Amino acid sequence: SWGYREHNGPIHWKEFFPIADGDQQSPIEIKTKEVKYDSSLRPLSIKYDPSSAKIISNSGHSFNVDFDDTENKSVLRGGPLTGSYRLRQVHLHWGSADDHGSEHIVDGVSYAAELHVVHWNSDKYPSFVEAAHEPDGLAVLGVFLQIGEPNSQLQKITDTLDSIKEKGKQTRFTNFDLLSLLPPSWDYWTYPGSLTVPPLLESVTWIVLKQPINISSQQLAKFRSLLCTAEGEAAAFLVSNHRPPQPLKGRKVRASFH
């Protein structure tokens, strides 16, 4: 099965999922002199209910905070989006070293990690599952992490990781104030792309915030202790789980600011 190890990592994914070589793949290099300022883009309209968070799990590929998306308590609107995108899931990407952990790269600068906040278009689709197969179905907010002072909201996640070390394990997790976790500035870049993991579907409107948030080196290192392997399998650690940048193939990256 797919992963980030030598045999099963990003270079080999095209072997099980050919769209890995598609024309709208993510992540990408963001080259700021090539981005087009677009005055029709709107500021982000963000509403996240801290009670929406319910469970945190180890998928084998990252941790997932899953949100109750039964109704429209936590939604993203504005930005490049038409209509209302419902919060589903938060997860993180990192690398084995603090200087190279993010998926999107900005003029060659990788960050220490990158948080993804995944939402789905419930104004057009009846479920996440249906939305995930259409070009306008998903919207992902990408937030960079840089090493700095410890982050008291991320401490809440790190404190759970010992209880979910094995692939498949879950624990309850709620009262998570995702709105306060975001950086001061919500200036962003946006482009049409894909999931950055298999099945790599080309259904995502990416919204990548320019300003990073801080995490300490000790908090970040805790994520690398997660196993990519299940209880009863030979242990291997998820030291790195970021996909390299993919060809832009003529897509327009736009900025909400200039």
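Note that the rigid core is defined as the largest set of C-alphas that superpose within 1.5 Å between two forms. One-based numbering along the sequence shown.
**Request:** Name the stretch, 150 to 158 or 133 to 141, whose C-alpha atoms sit farther from the shown form on average in 9 other deposited structures of this protein, taking the rigid core as the superposition reference.
**Result:** Comparing 150 to 158 with 133 to 141, the larger C-alpha deviation in 9 other deposited structures of this protein belongs to 150 to 158.
**Request:** Averaging the C-alpha B factors as listed in the entry, name the stretch that ends up higher: 19 to 27 or 232 to 240.
**Result:** Result of the comparison: 232 to 240.
**Asked** Hey, which bit's got the bigger mean C-alpha B factor in the entry, 10 to 18 or 245 to 253?
**Response** Mean CA B-factor is higher for 10 to 18.
**Identity of residue with top Cα B-factor, from 36, 47, 61, 210** = The listed residue with the largest C-alpha B-factor is 36.
**Asked** Which has the highest CA B-factor per the PDB entry: 217, 190, 51, 203?
**Response** That would be 51.
**Prompt:** What third of its chain's C-alpha B-factors does residue 176 belong to: lowest, middle or highest?
**Reply:** It belongs to the highest third of the chain when residues are ordered by C-alpha B-factor.
**Prompt:** Going by the entry, which third of its chain does the Cα temperature factor of residue 32 land in?
**Reply:** Answer is highest: the recorded C-alpha B-factor places it there.
**Message:** When the deposited Cα B-factors of this chain's modelled residues are ordered and cut into thirds, is residue 149 in the lowest, the middle or the highest one?
**Reply:** Highest third, going by the recorded CA B-factors of the chain.
**Request:** State the tercile, meaning the lowest, middle or highest third, of residue 89 with respect to the CA B-factors recorded for its chain.
**Result:** As the PDB entry reports it, the C-alpha B-factor of residue 89 lands in the lowest third of its chain.
**Position of residue 118 among the chain's modelled residues by C-alpha B-factor, lowest, middle or highest third** = Lowest third of the chain for residue 118's C-alpha B-factor.
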